[PDB]
């Protein structure tokens, strides 16, 4: 188990249960000690979050003709934050908030992480990403990091194989239940979580 210790962890609209900053710091330290590194944040809905943390990330019936299929995440919690919520209303019409996830990969896979400046949708992107990774898309045991769109923040796409080898845990950064759709307020990020949130240095040239 990689969740540090202290009682069962669950996801609530009310906030994540049993997940202090201190606990986060323990679980992180321990993930590093087993040779894992943090590569970004992933935001999504309560049900989803639970699944990923207890059962891990799993691709399921992708569109095999979908050359950019993968597990999207972001170095910047703010960009991930925007996906931390229901994507469709419940029968009554409520759209509740979600949760912010910290994605970790076995350190032994950094050789597969690359970076570019092109925006992942652009025509050149496909060809340049393929040049960097050494084979046609989709990504597989590799990951690409680039701008979400011209000038935008950066988003990272772990390919499904790599994705299913991650280890994800809660963030101490809470989604706001009373402001679903607002933008993450920088001050609600714990300084201590900030400290353990640097990103690896990705390669710009192929291997």
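Numbering follows the first chain given and starts at 1.
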Select between 28-36 and 152-160 the stretch whose C-alpha atoms have the higher average B-factor in the entry.
-> 152-160
Looking at the entry, does 84-92 or 105-113 show the higher mean C-alpha B-factor?
-> 84-92
Candidate residues 78, 122, 137, 73, the one whose C-alpha B factor the record puts highest | 122
Just say lowest, middle or highest third for the CA B-factor of residue 44 relative to the other modelled residues in its chain.
-> lowest
Looking at the C-alpha B-factor of residue 10, is it in the lowest, middle or highest third of its chain?
-> highest
So, residue 177's CA B-factor, relative to its chain, sits in which third? The middle
Going by the recorded CA B-factors, say which third of the chain residue 61 sits in, lowest, middle or highest.
-> highest
